[PDB]
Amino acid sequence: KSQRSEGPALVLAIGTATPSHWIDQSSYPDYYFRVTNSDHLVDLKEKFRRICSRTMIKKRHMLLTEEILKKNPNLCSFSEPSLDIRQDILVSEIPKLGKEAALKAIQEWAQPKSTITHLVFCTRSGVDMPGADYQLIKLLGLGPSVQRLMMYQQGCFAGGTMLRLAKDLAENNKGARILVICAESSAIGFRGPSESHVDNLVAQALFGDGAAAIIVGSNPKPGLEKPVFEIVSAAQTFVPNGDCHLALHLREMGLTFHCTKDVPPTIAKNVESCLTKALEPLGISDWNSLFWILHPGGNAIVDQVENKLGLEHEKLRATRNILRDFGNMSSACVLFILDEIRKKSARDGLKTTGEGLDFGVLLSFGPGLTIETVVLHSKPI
């Protein structure tokens, strides 16, 4: 089965999109404390500058503009009722951003959009019924008989989940072509600063906005489709008691953020057993023989995974590039990284979409200390 052409699920195209508005990380402490009327919190601001400095983020794209914040001062408070305005923004803007990424993926794929048979939409940024998947069908002009799955409120690990899901959809449905969209916005969790909640500043420094789209299918059409990656395997686990360490709740004040200082080291010390379970059946034990896609949950996690696994320093370069240029875009990050890794492969004149290597690993993680591990195979560049 893994050896057939009516065989494994393949990534056939990748497209990405961001809101046009962006903000530079160097000037974000000034922007944030000004627009939330918090410049009198001098010590807190300096704390925020240090946090922003340690992120290794250079810019983030943002659906939320100064004009929107000024029209909606509840957004600038720490915890006044704000879910309704976040929903009004996100229920409209998330499918539109997903549409932009989808159009770029469909353009690369170069097949008619009417041959898409399935749609998977993933976001933790707002919820509605019918969902963003339904809205996206309307915005893209697809037919009502596209088979939809709407994945709400998943969080940072869910790019790996969507690959896991897409693999089964593509492999069990002859001819199926799956449009998968991860679209995320920090507008669900943006809030003003508070000296009694300093830990929330981490979230305000980290999260950015963006959407990624992929086309997934088995049995590629010769001379028409050009596979980018093969999804070899995908598996989920979690670290027991991880929900005490990493969790987010949807409340009247929007999305909250609970993340302890234990999170980076606990993730880092659990990734090797995930790698072994996924890669030992393929006879791979040298993690530097792989290309790498890592969810950049924060810079500390990237560094600690590199150090715990003994990866060469350039292995996580594509990951660091995406963290630098876009910040943490939750489930969409690993798909931006997937796109980046093949783009960088072409720039460096390498011979496969995976930095000239055959096998790769995509590892994501999120609430509950859930970890998703996807083994990938590259394709000729």
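Throughout, we count residues from 1 along the sequence that is shown.
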query: Given 156-164 and 198-206, the range whose Cα B-factors average higher in the PDB entry; finding: 198-206
query: Stretch with the higher entry mean CA B-factor, where the candidates are 78-86 and 184-192; finding: 78-86
query: Highest-ranked of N173, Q236, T117, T260 once sorted by CA temperature factor in the record; finding: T260
query: Identity of residue with top Cα B-factor, from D303, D128, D133, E252; finding: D303
query: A346 - Cα temperature factor, lowest/middle/highest third of chain; finding: highest
query: Assigned third (lowest, middle, highest) for the C-alpha B factor of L224; finding: highest
query: Chain third (lowest, middle, highest) by recorded CA B-factor, residue given as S364; finding: middle
query: Third of the chain's Cα B-factor distribution that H313 belongs to, per the entry; finding: highest
query: Chain-wide C-alpha B factor ranking for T123, given as lowest, middle or highest third; finding: lowest
